[PDB]
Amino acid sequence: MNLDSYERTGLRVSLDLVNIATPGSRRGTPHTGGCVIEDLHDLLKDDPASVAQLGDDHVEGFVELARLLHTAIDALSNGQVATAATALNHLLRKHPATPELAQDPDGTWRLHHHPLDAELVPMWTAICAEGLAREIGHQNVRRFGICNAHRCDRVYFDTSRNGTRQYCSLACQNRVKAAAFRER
């Protein structure tokens, strides 16, 4: 899997949005969470149309989306697939999730997991929900993890062949490595 591909947009944005907005800890430090519009510009950068339409009114919607996706991802990390499925199914019903083909300005045809007339927060809700749902269908639930590092509860999706990744980031991987000698 290429987590940066168009095809994994919903998965990638879900992880990134939860990791921005969900309070907890990040890379060894308490993390306040929430977000500001600048976080959304960078979150949604792969879609110039979204970025062109973002306003401060979208922040509350993305914070709420983050809360819902965090609950689902945490459920998946615990094997509580039914809990995640119930929530994702409701999002797919509530928001416009009819797929639609369209051609990017460079000519590339894409399958969008929403109609092009969707509103912005409903659109991203559908995209994110389908992306997580798809990974459940693809039997990848065990690849959703919560960072094993001290004072980090950021989420990750393990893209390794072996499926034994423990840490959310190279940052946490490095922090653990750098503590190994002294903690021996």
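Residue numbers run from 1 along the displayed sequence.
Higher mean CA temperature factor between 156 to 164 and 18 to 26: 156 to 164, per the PDB entry. The PDB entry records a higher mean C-alpha B factor for 101 to 109 than for its counterpart among 77 to 85 and 101 to 109. Ranking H58, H31, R142, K45 by the C-alpha B-factor listed in the PDB entry places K45 at the top. The maximum CA B-factor among the listed residues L132, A52, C147, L116, taken from the PDB record, is found at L116.
Remark: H138 belongs to the lowest third of its chain, ranked by C-alpha B-factor as recorded.
Ranked within its chain, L68 lands in the highest third, by CA B factor from the PDB record.
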